Amino acid sequence: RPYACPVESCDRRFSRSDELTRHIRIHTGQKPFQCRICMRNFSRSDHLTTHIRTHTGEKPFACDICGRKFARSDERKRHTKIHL
Amino acid sequence: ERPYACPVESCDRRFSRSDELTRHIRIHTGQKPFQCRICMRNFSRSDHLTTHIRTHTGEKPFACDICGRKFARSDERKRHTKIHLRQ
DNA sequence: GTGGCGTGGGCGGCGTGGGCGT
DNA sequence: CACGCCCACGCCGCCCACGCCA
Ligand SMILES: [Zn+2]
Ligand SMILES: [Zn+2]
Ligand SMILES: [Zn+2]
Ligand SMILES: [Zn+2]
Ligand SMILES: [Zn+2]
Ligand SMILES: [Zn+2]
């Protein structure tokens, strides 16, 4: 488990370099990605896409039992648990 | 099933999510993190505090579609709505 | 009766951190 | 490194419901 967070307060360790680098961003407040629509900055590109579905109403994802729709899969995973 | 189970003695209460169990546990720990800054009373929940604040500012966002009467909360409006269907 | 309101439960919205596949 | 799933946690804020109070 080779990549060590080299900030002092943090012993956190990562299996790959892309992991660490992404992690460092939380000590830096760095948010690359910007919303073409709200001007809000976020730390990652995947989150900015899930984010965008908040304006556009994009909503992949369906509850197999009631076919209610959600913006993300975590949302439907969690939703589906309420039928059982 | 409901995976998250309260581990306390006489409470046999379960929850699909763990954020629900984290909220439910405060009823046992009498904790009350949220505070009205006007009367300084404290609440177990941020949403119950937001409607509590209404009793001070008189905000009443919810209007009966039948009669226009305004309520602090929608369930107050709903309970009220029943009286039009009645006698 | 009608309405004020504390307060728990269900559950969707959504930020955002790790793990990891390609 | 890049993109982009899957997953997990935590808080927010709605609806509802009940129940006690004036
Ligand atoms: Zn670190
Ligand atoms: Zn936006
Ligand atoms: Zn469903
Ligand atoms: Zn309990
Ligand atoms: Zn108050
Ligand atoms: Zn009315």
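Just so we're on the same page: letters track the sequence lines, and every chain starts at 1.
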Euclidean distance, atom CG of residue A/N41 to atom P of C/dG15 [Å, nearest integer]
13 Å

Determine: side-chain N/O of A/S15 to OP1/OP2 of C/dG19, distance under 4.0 Å, yes or no.
no

Looking only at N and O atoms, is any donor in the side chain of A/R78 or the base of D/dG10 less than 3.5 Å from an acceptor on the other one?
yes

Assess whether one donor atom and one acceptor atom, taken from the side chain of B/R23 and the base of C/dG10, lie less than 3.5 Å apart.
yes

How long is the line joining CG of A/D74 and P of C/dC14, in whole Å?
12 Å

Taking 4.0 Å as the cut-off, does a side-chain nitrogen or oxygen of B/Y4 come that near to OP1 or OP2 on D/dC9?
yes

Does the ring of D/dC6 sit north or south, if a positive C1'-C2'-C3'-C4' angle means north and a negative one means south?
south

Just checking A/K81: does its NZ atom have more than 12 heavy atoms from other residues, nucleotides or ligands closer to it than 6.0 angstrom?
yes

Side-chain contact test, heavy atoms from C-beta onward, threshold under 4.5 Å: evaluate it for B/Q35 versus B/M40 and give yes or no.
yes

Does OP1 or OP2 of C/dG15 have a side-chain N or O of A/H51 closer than 4.0 Å?
yes

note: A/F61, atom CZ; D/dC7, atom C1'; distance rounded to Å ~ 13 Å

Give the rounded distance in Å between these two atoms: CZ of B/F43 and P of D/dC12.
15 Å

It should be established whether B/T55 places a side-chain nitrogen or oxygen under 4.0 Å from OP1 or OP2 of nucleotide C/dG4.
no

Do B/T55 side-chain atoms and B/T51 backbone N/O form a donor-acceptor pair below 3.5 Å?
no

A/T50 side chain: which of D/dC5, C/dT16, D/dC15 is closest?
C/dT16

Paired nucleotide for D/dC3 [Watson-Crick or G-U wobble; both distances under 3.5 Å]
C/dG21

Minimum-distance nucleotide (side-chain atoms of A/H47 versus C/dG6, C/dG17, D/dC3):
C/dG17

Just by modelled atom types, is the B/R26 backbone N or O under 3.5 Å from a matching donor or acceptor in the B/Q31 side chain?
no

Identify which nucleotide among C/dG15, D/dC14, C/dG13 has an atom closest to any side-chain atom of B/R45, counting heavy atoms from C-beta outward.
D/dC14

So, OP1 or OP2 of D/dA17: does either fall under 4.0 Å of a side-chain N or O from B/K78?
yes

Which listed nucleotide (C/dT16, D/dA2, D/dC18) is nearest to the side chain of B/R73?
D/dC18

Whom does C/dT2 pair with, Watson-Crick or G-U wobble, provided both distances fall under 3.5 Å?
D/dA22

With a distance cut-off below 6.0 Å to the six-membered ring centre and an angular limit of 45° from the axis, does A/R68 pair with A/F70 as a cation-pi contact?
yes

Rounded to the nearest 0.5 Å, what separation is found between the NE2 atom of A/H79 and the CG atom of A/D64?
9.5 Å

Round to a whole Å and report the spacing from CZ of A/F70 to P of D/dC6.
14 Å

Base of D/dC5 paired with side chain of A/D46 (donor-acceptor, under 3.5 Å):
yes

If we require both distances under 3.5 Å, is D/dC18 with C/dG15 a Watson-Crick or G-U wobble pair?
no

Please check the phosphate of C/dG17 (OP1 and OP2 only) for any side-chain N or O of A/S43 closer than 4.0 Å.
yes

Any idea which of C/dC14, D/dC11, C/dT16 is nearest the B/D19 side chain?
D/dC11

If the cut-off is 4.0 Å, is B/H24 near the phosphate of C/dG9, judged by side-chain N/O to OP1 or OP2?
yes

Atom pair distance, as rounded to whole Å: CG in B/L49 and P in D/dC14
13 Å

Base, sugar-phosphate or nothing for A/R1? Non-hydrogen atoms, less than 4.0 Å.
sugar-phosphate

Touch check for B/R69, heavy atoms < 4.0 angstrom, all strands: base, sugar-phosphate only, or nothing?
sugar-phosphate

Determine, answering yes or no, if B/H80 is stacked on C/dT2 under the 5.5 Å centre rule and the 30° plane rule.
no

Checking B/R73, B/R77, B/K78, B/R79 against B/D75 for salt bridge (charged side-chain N to carboxylate O under 4.0 Å, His left out), the one that qualifies is B/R73

B/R14 has an atom CZ; how far is it from atom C1' of C/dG10, in whole Å?
17 Å

With a 4.0 Å cutoff (strictly under), does any side-chain N or O of B/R41 reach OP1 or OP2 of C/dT7?
yes

Contact under 4.0 Å: B/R2 side-chain N or O vs C/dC11 OP1/OP2:
yes

Between atom NZ in B/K82 and atom P in D/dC18, what is the gap in whole Å?
11 Å

Between D/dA17, D/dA8, C/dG19, which nucleotide has the shortest distance from any of its atoms to the side chain of A/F14?
C/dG19

A/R16 side-chain proximity, nearest of C/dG19, C/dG3, C/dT22:
C/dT22

With side chains defined as the heavy atoms from C-beta onward, is the minimum distance between B/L49 and B/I53 less than 4.5 Å?
yes

